[PDB]
Structures are given as C-alpha cells and as structure tokens.
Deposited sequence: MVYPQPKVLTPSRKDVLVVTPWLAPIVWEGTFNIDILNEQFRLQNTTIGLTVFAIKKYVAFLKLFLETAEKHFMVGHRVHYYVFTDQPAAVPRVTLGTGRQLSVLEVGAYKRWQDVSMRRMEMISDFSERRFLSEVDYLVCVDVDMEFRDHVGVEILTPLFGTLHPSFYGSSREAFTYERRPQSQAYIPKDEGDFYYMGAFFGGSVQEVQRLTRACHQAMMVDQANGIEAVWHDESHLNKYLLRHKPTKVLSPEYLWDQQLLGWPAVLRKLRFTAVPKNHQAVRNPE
C-alpha cells in the first residue's frame, strides 16, 4: 500500500520531469522508491559500478566506498569494479550482504584521455559480467550523501551537468569543430551531459563505450582532441542515441561551487571539496 498518485497534481511545478522523447528526468518527488524496489528485486537485479582511481585519486576511494555502502543500491546486489594503477592501495571497506568488490589493474596523454572508454568497453564485453544487469560509471572524487537507487536504472542514462542545466544550447561546451567526430552544430543538442555519471544496461554501456572509444581513435588519427575529451563524445553519442532516463543534478552536484538551490530537494552524490 502506498499513496495514490493524483492525476491532477503535477509531480513537480518547478522542473521538467520528462524529456520531449518521453524519458523520465529523475528528481525527488517523481518516484515512489518502494514500488521501484519491488520491481527490481523481483528480477534479482545486479548493479555493477565502475570507478577509476589513478595516481593520487586512490586517496578518494575510502570515503567513496564507505558512502556508497550507506546510499547506493542498498538492498540490491552490487559489485564494485575499481580500476586503479595501485591495486595494493585500495582500502579494505566492509560491505553489506550481497555486495562485492573487484580490483582491476590499469597499465601504461591521448591514450590516457581514451583510457576510461577503452577500458570500460573491453571490460563490459567480458563473460564474467554474465550475472550483471546494469553498469553505472562514476568518478571517484565524490561522496554519496543521500539515496542513489534503482530509480536510475534503464537501458541508457546520462546525467545533467550541474553547471549547465539552466543554459541554452549555444552556451553548451559541445565540441564545435566539424573536423572532430564529437561535433555538434550550434542549433542542435538536447542537454549537456556530464562524463562523471552515466550507465545503463550492460549491452547499452558496451555500445556507448565502444562508440566513444572508436570515435576518439578516429580523432587521434586526425590530430584532434575533443574540447572536453570523452565528455564531448558522450554528448555526441547521447544526442544521436537518446537516453531512456536522464538523471537530474541531484545525482551529480558540487556544493562548494554551486551551493544548494531551491530546485534541489536532495544532494545525492557530490564533489569532494
């Protein structure tokens, strides 16, 4: 039993909650988590979370994982995959039942710019992910402050960049040179998505990360680096293959930079100052 939805009452009066292609934009007040948790638990949903922690960023893993255990997908099956050049430096964090962590070592400047999309592409294709239903790909220099759960899950999602959710499209920092595979013309574009939080089913994350990696290789062969690297390619991809959910900036925020505006009812996953 849960409160009856009310057809004549908007779920939010201050923000857009569905895109023009009918993908939900996920804000607090738009979902009932009990119904979603039931639907996803009925499928024994397993969520993989990938995170890169390279060089001095390995220091952010302790708080990232401690707070993920408090707030990410609690009650569902979770497997963290930590990609790092220092596997020995991964903190031993105690995990709830049904949750596990694997450490994946990274080897070996444009190839580093390509590393995230290349490595997730290769990894997402492996047979040991047979049990994993969705992949969520986030940055490590962050903490969870509030619920991040199965409301986000869908075949393909991106996240509204916290600096640009209010901007008109010509102000978006899309790649603007026609020479680059990431090019988006002045008059095109739905949203500016941030590279720090995207995901989807395993098949849709294989497709996204393969397309971004292959596009970046083409740019490198031509001597061009997109203005915001794999984020520029992510935006080009999501423009052409529209996400089936879009996460609001509740899911990717910087409070030191941007404070706490009235349109954010919760700050769920935030930059570490």
**Asked** Deposited sequence versus model: which ranges have no CA atoms?
**Response** 1, 110-112, 278-287
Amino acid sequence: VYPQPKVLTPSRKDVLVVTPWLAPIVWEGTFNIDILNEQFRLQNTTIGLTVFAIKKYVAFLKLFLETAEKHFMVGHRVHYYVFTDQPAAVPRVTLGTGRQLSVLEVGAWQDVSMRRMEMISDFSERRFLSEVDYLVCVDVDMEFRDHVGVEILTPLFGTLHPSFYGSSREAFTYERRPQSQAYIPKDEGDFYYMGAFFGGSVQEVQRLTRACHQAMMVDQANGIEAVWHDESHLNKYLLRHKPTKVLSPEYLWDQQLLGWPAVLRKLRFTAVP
From here on, numbers count along this sequence of modelled residues.
**Item:** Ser113 dropped from a third or more of the other entries of this protein
**Value:** yes
**Asked** For the C-alpha atoms alone, is the average B factor greater in 96-104 or in 165-173, going by the entry?
**Response** 165-173
**Fill in**
Per the PDB entry, mean CA B-factor is higher for 80-88 or 177-185, namely for 177-185
**Item:** Options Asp141, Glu131, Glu151, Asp146 - largest CA temperature factor per the record
**Value:** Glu131
**Prompt:** Which has the highest CA B-factor per the PDB entry: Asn235, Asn37, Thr45, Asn222?
**Reply:** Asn222
**Fill in**
Sorting the chain's modelled residues by C-alpha B-factor and splitting them into thirds places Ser121 in the middle
**Item:** Cα B factor band for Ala59 (lowest, middle or highest third within the chain)
**Value:** middle
**Item:** For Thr19, the third of its chain into which the C-alpha B factor falls
**Value:** lowest
**Asked** Going by the entry, which third of its chain does the Cα temperature factor of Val202 land in?
**Response** lowest
**Message:** Based on the deposited C-alpha B factors for this chain, I'd like to know if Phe191 is in the lowest, middle or highest third.
**Reply:** middle
